[PDB]
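1. Turn this into a structure:
(chains A and B)
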Amino acid sequence: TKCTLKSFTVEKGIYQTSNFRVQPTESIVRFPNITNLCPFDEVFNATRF
Amino acid sequence: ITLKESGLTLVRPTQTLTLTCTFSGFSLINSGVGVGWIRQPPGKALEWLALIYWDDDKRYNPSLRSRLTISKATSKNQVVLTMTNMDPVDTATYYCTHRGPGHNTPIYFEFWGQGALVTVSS
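-> Numbering: from 1, shown residues only, chains lettered A, B, ... in the order given. Sure, structure below:
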């Protein structure tokens, strides 16, 4: 409170010193959900080149 | 991987021998894979008949060429060998063998059949 009022003597009263905000505790993988790829086991495991 | 031969085991002279190797465990559509035939008379050394790679490269025993015809029925997973003008010297055991891939080089004759005793007599 002294720091806000910049004064070594604070008088009787109520002062709004600061704010608080609960911090995030976690991160949740940022993802949509997949399902399928493309043809790779059909270009590298090909029978005849 | 299993192989099994079938056909006529007894045939008259001046007739034709036919054999069918029906297999299980591999397909003649992959790379490497091929199927061959090897005969051995009773009490003699082995003998090579014919060979067919996966891309249909029909190698034959030269000395035994002009008499043999090998063909495939891939749908039926079977190979057919045919030799015309059979003779009493052709009494032997006939194995059908399989040549597949290895780890750095193609394998040849890794698997054998169970034989089909062929007698040419009357």
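2. Tell me who's in contact with the residue of chain A found nearest chain B.
-> At 5.1 Å from chain B, residue A:47 is the closest residue in chain A, using C-beta to the nearest C-beta. From N, CA and C alone the C-beta is placed, and that goes for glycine too. By C-beta atoms under 8 Å, 6 or more residues apart in numbering or on different chains, the contact set of residue A:47 is B:29, B:30, B:31, B:54.
3. do the same with residue B:18
-> By C-beta under 8 Å, 6+ apart, the contact set of residue B:18 is B:7, B:8, B:80, B:81, B:82.
4. so the residue positioned nearest the centre of chain A is in which element?
-> Compute the mean C-alpha point of chain A, and by C-alpha atoms, centre = their mean the closest residue is residue A:27, 5.9 Å away. Residue A:27 is located outside every helix and strand, with elements delineated by DSSP states H and E.
5. Which of the contacts of residue B:18 fall within strands?
-> Secondary structure from DSSP state E places B:7, B:80, B:81, B:82 of those in strands.
6. Which residues of chain A lie near chain B?
-> A:47, A:48, A:49 (C-beta under 8 Å from any C-beta of the partner chain).
7. make it 7 Å
-> Within chain A, the positions near chain B by C-beta under 7 Å from any C-beta of the partner chain are A:47, A:48.
8. What residues does chain B have near chain A?
-> Residues of chain B found near chain A (C-beta under 7 Å from any C-beta) are B:29, B:30, B:31, B:55.
9. Can you tell me which of the contacts of residue A:47 are buried?
-> Applying 16 or more other C-beta atoms under 10 Å in any protein chain shown to the contacts of residue A:47, the neighbour count classes residue B:54 as buried.
10. Dump the contacts of residue A:47 into TSV; add secondary structure as well.
-> What follows is the contacts of residue A:47, written out as TSV (DSSP: H, G, I helix; E, B strand; the rest coil):
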residue	secondary structure
B:29	coil
B:30	coil
B:31	coil
B:54	coil
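11. So which of the contacts of residue A:47 is the closest to residue B:73?
-> Nearest to residue B:73 among the contacts of residue A:47, counting by C-beta to C-beta, is residue B:29 at 12.9 Å.
12. Where does the nearest residue to the closest one once chain neighbours are set aside sit, in terms of helix or strand?
-> Excluding the flanking residues, the one nearest residue B:29 by C-beta to C-beta, 6 or more residues apart in numbering or on different chains is residue A:47, at 6.0 Å. Using DSSP H and E, residue A:47 sits in no helix or strand.
13. quick one: residue A:47 from residue B:111, how far?
-> 20 Å (C-beta to C-beta, to the nearest Å).
14. again, but for residue B:21
-> 11 Å.
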